[PDB]
Number of protein chains: 2
Amino acid sequence: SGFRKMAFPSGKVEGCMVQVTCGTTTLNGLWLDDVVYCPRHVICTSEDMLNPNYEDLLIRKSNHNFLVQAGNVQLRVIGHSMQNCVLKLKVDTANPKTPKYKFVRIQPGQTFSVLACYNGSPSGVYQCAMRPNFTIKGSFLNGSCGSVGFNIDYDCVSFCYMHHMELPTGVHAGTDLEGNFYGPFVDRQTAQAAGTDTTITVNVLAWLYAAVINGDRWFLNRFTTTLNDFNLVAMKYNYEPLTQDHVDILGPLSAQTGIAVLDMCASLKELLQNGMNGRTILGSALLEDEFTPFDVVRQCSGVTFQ
Amino acid sequence: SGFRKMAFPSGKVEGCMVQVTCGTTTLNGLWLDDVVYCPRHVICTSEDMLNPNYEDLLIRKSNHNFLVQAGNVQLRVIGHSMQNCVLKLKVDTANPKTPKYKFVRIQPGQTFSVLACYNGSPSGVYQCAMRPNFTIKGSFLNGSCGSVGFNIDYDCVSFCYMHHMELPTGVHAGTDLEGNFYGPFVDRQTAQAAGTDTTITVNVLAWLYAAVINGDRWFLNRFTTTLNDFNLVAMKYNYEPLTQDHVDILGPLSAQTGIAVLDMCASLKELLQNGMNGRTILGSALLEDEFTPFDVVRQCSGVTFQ
Ligand SMILES: [Zn+2]
Ligand SMILES: [Zn+2]
């Protein structure tokens, strides 16, 4: 038993990371088949980032100005193209380590693993969520741009995020692997403020089921509620409204535990109105919202990847 | 910027995991060179675990009773030996993916990554610490035995933990790769209670430096203290005593921030006596003690692994 914030094993992604340099800018790229994907701001100077015209900047670059290195070994760039906010560098060699993969675009509330890298070299792996305001709260120092987020289903890597930006408040923004930003953010060094970072209610509920399965039970109470009554309290605490869809997704955890979803909602309502009174749940003094229902089921059941 | 609980990239370890079955018991083994290491309780039935005599049990096993599978492929066992609480199964093939490696024995307070596996297949990676009572707080379901903990220095994997036991309170016990348990625990299904799980003070202090570097600063105050005065409060709150050695280890973070170690100790003393008053530090409502000083330096500087 036990319950930890867990990332996917990162080896399949480690085998795809490369270094991309253009002029004086170095960042990371993702090498899949014969394409390397990277942020288009690789072509920018620090000065360019204040008001970049990327089509104009890109005209001054040739294939030979994109230096791509995979370990100690150089890759030959035979084409380049811009797709939204990513560049696709065609190389003359297919990555021999390319895993089965998909590109997907995730919704707020979904979780994914990030492989933080520098100079094409993996440093660490962690687990995070797309926030309701379309930011992520990561760990990204200068040079981490182009690091990716992903989920794994058995042997298939679903890439969902590429890192591009830190906002002036220290939260992070980036794109899917089609180069479309999550949320309203742009790849320019400008005033970009994030909206309310609400709490992902369905994920908190999943985690409270995890707690009960893993023997933390002190917060269970004698009450129930309704979606509409719960949602009046969610609104007042900057929680996402709970929908019947969310109730349906929590069905399997409800069936396992025998705790009706709306009963768990009443426990959550109490926790919001009363606080934890100096107690902890699964080692946290805050209600944790970076586990999805699927994450809880997976970790409580023992699912593996080949 | 940002600061996350981060595991090491797990690919080098993924390439070493295998499945080991003996009779009806399946668990994980670690394949390095031509040796597979696994918990010796692979030879036990659930019944045997109540009072096992492992030398006697092991006499009834031959090389051909240890089934070792690496992916879809069987390995041939050409010898076996018991070393403390691990078995070493000699195989006729060296693992072609063997990384540079060391076996080390860590001290309480040190952190490491765990690659949780089932049936020889990696499921997830997380980050944890050897507690002062020699337990770890992991996520281990039936079948996870033999999963390992490790640290990476560039390209060298230091293996420090192999999972063996869950205590009746749901915390975890295991061995180094020489098969010696951490702490007083044994591989028998018996009354084994853990001692006080104190807080790793030097690690909390490191994390408060991380907070200041990453712009969380509200807890900085006008006070200082002394080691002896601080330690009177540590004792009263079930914190580990702080030593001059610990002060020395925090020197680089003190130099970066310009906050003297004993000043940070006075901030920590306030936090202990006053609580957080509903505030957070780096996303936590608890003082986090699973980052070492070295972890903080690494993550705040951008260190990579090849
Ligand atoms: Zn960048
Ligand atoms: Zn076991």
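The rules behind these values
Residues numbered from 1 in each chain as written, not as in the entry; some residues may be left out. Chains lettered and ligands numbered in written order. Heavy atoms only, no water. Salt bridge = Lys/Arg side-chain N within 4 Å of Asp/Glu carboxyl O. Helix = DSSP H or I, 4+ residues; strand = E, 2+ residues; numbered from the N terminus. Buried < 20%, exposed > 50% of the residue type's maximum accessible area, 1.4 Å probe, protein only. 1 Å grid on protein atoms, 1.4 Å probe; cavity = no way out; pocket = protein on both sides within 12 Å on 5 of 7 lines; lining within 4 Å. Points joined across faces, edges and corners; volume = space filled by probe spheres on them. Nonpolar A, V, L, I, M, F, W, Y, C, P; charged D, E, K, R; others polar. Contact = heavy atoms within 4.5 Å. Buried area = accessible area lost by both parts, 1.4 Å probe. Polar contact = N/O pair within 3.5 Å; in protein donor to acceptor, adjacent residues only side chain to side chain. Donors = N, O, S within 2.8 Å, 3.2 Å for Na, K, Ca; no water. Least-squares fit on C-alpha atoms.

A. Broad picture of the pattern of salt bridges. Residues and elements named next belong to chain A. Summed over all chains, the structure comprises 26 salt bridges over all chains. The closest approach of N and O atoms between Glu288 and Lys5, which form a salt bridge, is 3.0 Å. Note that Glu288 is positioned in the loop between helix 7 (261-274) and helix 8 (293-301) and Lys5 in the segment before helix 1 (11-14), a separation of 283 residues in sequence. With a relative accessible area of 26%, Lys5 lands in the partly exposed category.

B. Inspection of the layout of surface pockets at higher detail. By volume, the second largest pocket amounts to about 1,500 Å³. The set of elements that each furnish at least two residues to the lining of the second largest pocket consists of helix 1, strand 1 (17-22), strand 4 (66-70) and strand 10 (121-129) of chain A together with helix 1 (11-14), strand 1 (17-22), strand 4 (66-70) and strand 10 (121-129) of chain B. By residue class, the composition of the lining of the second largest pocket is 22 nonpolar, 21 polar and six charged.

C. Summary view of the interface of chain A and chain B. With 43 residues of chain A at the contact, the number on the chain B side is 43 residues. Here chain A packs against chain B, burying approximately 3,100 Å² in sum over the two surfaces, 53% of which is carbon and sulfur. Contact with chain B buries area across many residues of chain A, yet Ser1, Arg4 and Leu141 of chain A alone supply 23% of it, more than any other trio. Taken together, the connections running from chain A to chain B amount to two salt bridges. Taking the shortest distance from any N to any O, the salt bridge between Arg4 of chain A and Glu290 of chain B comes out at 2.9 Å. The tally of links between chain A and chain B comes to 25 residue pairs in polar contact. Within the residue set of the side of chain A that touches chain B, elements represented by two or more residues are helix 1, strand 9 (111-118), strand 10 and helix 8 of chain A.

D. Structural detail: the coordination of the zinc ion (ligand 2). Residue and element names in this part refer to chain B. For the zinc ion (ligand 2), the protein coordination sphere consists of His41 (NE2) and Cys145 (SG), at 2.1 to 2.2 Å. Taken as a pair, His41 in the loop between strand 3 (35-39) and helix 2 (54-59) and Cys145 in the loop between strand 10 and strand 11 (148-153) lie far apart in primary sequence, 104 residues in all. For the residue pair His41 and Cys145, the accessibility class agrees, reading buried in each case.

E. Examining the environment of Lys102 of chain A more closely. All names here are of chain A. Here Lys102 is to be found in strand 8 (residues 100-103). Distance from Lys102 to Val157, taken between C-alpha atoms, is 6.3 Å for residues 55 residues apart in sequence. Each residue touching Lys102, except ones within four places of it in the same chain, is listed here: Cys156, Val157, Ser158 and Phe159.

F. Examining the relation of the copies chain A and chain B more closely. It takes a turn of 180° to lay chain A on chain B, together with a shift of 0.0 Å along the axis; the resulting RMSD is 0.0 Å. These values place the two chain copies in the arrangement generated by a two-fold rotation axis. For chain A, the smallest separation between a C-alpha atom and the rotation axis is recorded for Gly11 of chain A, amounting to 1.8 Å. When the interface residues of chain A are mapped onto chain B, 100% of them again fall at the interface, so both copies present the same face.

Everything listed is a geometric property; what it means functionally is a separate question.
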